[PDB]
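Enquirer: Whatever this is, show me its structure:
(chains A and B)
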Amino acid sequence: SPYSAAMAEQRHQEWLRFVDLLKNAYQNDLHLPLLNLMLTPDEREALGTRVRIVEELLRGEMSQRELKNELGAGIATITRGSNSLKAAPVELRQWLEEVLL
Amino acid sequence: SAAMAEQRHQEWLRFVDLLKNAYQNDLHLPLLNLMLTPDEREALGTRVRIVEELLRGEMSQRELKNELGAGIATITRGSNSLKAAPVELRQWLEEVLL
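Expert: Numbers count the residues shown, from 1 in each chain, chains lettered A, B, ... in the order given. The protein structure is shown below:
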């Protein structure tokens, strides 16, 4: 069939298993070495940069040019980061505005 | 540049701190949806199984490719990362994943 809900739930349960693994690593102070095992150095740098992208999209002061030349974020990335922010639950957006700004 | 190096490090730690706080506030699921693409999340769920089967040591390289779609470079990245990990992590992962 064209869409498999069974495989979607199996993928979801594999993802939850990672989420739970990392939850427990934070509890036991093994989060930093776990993250180094599970993410490449480039993936880690990308995540650090994405935090600044979300912060700037939320602040809404940086120009497209400044976003591109300070964070490598082109019109594709900005759009994707915007759609993600639009899709996020308000409780997350509010919490992020508090914490990040 | 040790300055830039230290800048990139603080940016990474800020993410680690942000996610730690999201877990404390039960916002981790939506935070991770915002910060990772669907393909990145799938890759992470598959990487947990790769790590589990590497540690179990039962599946051959061929079987890892067959079952998990993990090719030689991916398996080698997993093996290299287990060798680079602190022993306490390896020992914990054996407890929790097996």
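
Enquirer: Not counting its own residues, what contacts stretch A:28-40?
Expert: A:18, A:21-22, A:25, A:44, A:47, B:16, B:20, B:44, B:47-48, B:51, B:77, B:81-82, B:84-86, B:88-89, B:92 (CB atoms under 8 Å, 6 or more residues apart in numbering or on different chains). No exception for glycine: its C-beta is placed from N, CA and C like everyone else's.

Enquirer: again, only this time at 6 Å
Expert: Stretch A:28-40 is contacted by residues A:25, B:47, B:81, B:85-86, B:89, B:92 when judged by CB atoms under 6 Å, 6 or more residues apart in numbering or on different chains.

Enquirer: How about stretch A:73-81?
Expert: In contact with stretch A:73-81 (CB under 6 Å, 6+ apart) are residues A:53, A:57, A:67-68.

Enquirer: CSV please, covering these and showing distance to chain B.
Expert: What follows is these, written out as CSV (distance: CB to the nearest CB, whole Å):
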residue, distance to chain B
A:53, 10
A:57, 11
A:67, 15
A:68, 17
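
Enquirer: Need the buried ones from those selected in PyMOL.
Expert: Filtering the contacts of stretch A:73-81 down to the buried ones (16 or more other CB atoms under 10 Å in any protein chain shown) takes a single PyMOL command:
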select buried, chain A and resi 53+57+67
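
Enquirer: Could you work out the most separated pair of the contacts of stretch A:73-81?
Expert: A:57 and A:68 (13.2 Å; CB to CB).

Enquirer: which bits of chain A sit near chain B?
Expert: Taking CB under 6 Å from any CB of the partner chain as the contact definition, chain A meets chain B at A:11, A:14-15, A:17-18, A:23, A:26, A:30, A:33, A:37-38, A:44-45, A:47-48, A:50-51, A:84, A:88-89, A:92, A:95.

Enquirer: And the longest helix along chain A, what's buried?
Expert: Counting by DSSP state H, the longest helix found in chain A is helix A:5-27. Buried positions in helix A:5-27, judged by neighbour count with 16+ other CB under 10 Å: A:11, A:14-15, A:17-19, A:21-22, A:25-26.

Enquirer: tell me the contacts of residue A:23?
Expert: With CB under 6 Å, 6+ apart, residue A:23 has these contacts: residue B:23.

Enquirer: relative orientation of the next helix or strand after the longest helix of chain A and helix A:5-27 in degrees?
Expert: Next helix or strand after helix A:5-27 toward the C-terminus (DSSP states H and E): helix A:31-38. Here the directions of helix A:31-38 and helix A:5-27 differ by 140 degrees (axes from the mean of the first three to the mean of the last three CA atoms, to 10 degrees).

Enquirer: Excluding residues flanking it in the chain, which one is nearest residue A:70?
Expert: Excluding its sequence neighbours, the residue lying closest to residue A:70 (CB to CB, 6 or more residues apart in numbering or on different chains) is residue A:62, at 7.4 Å.
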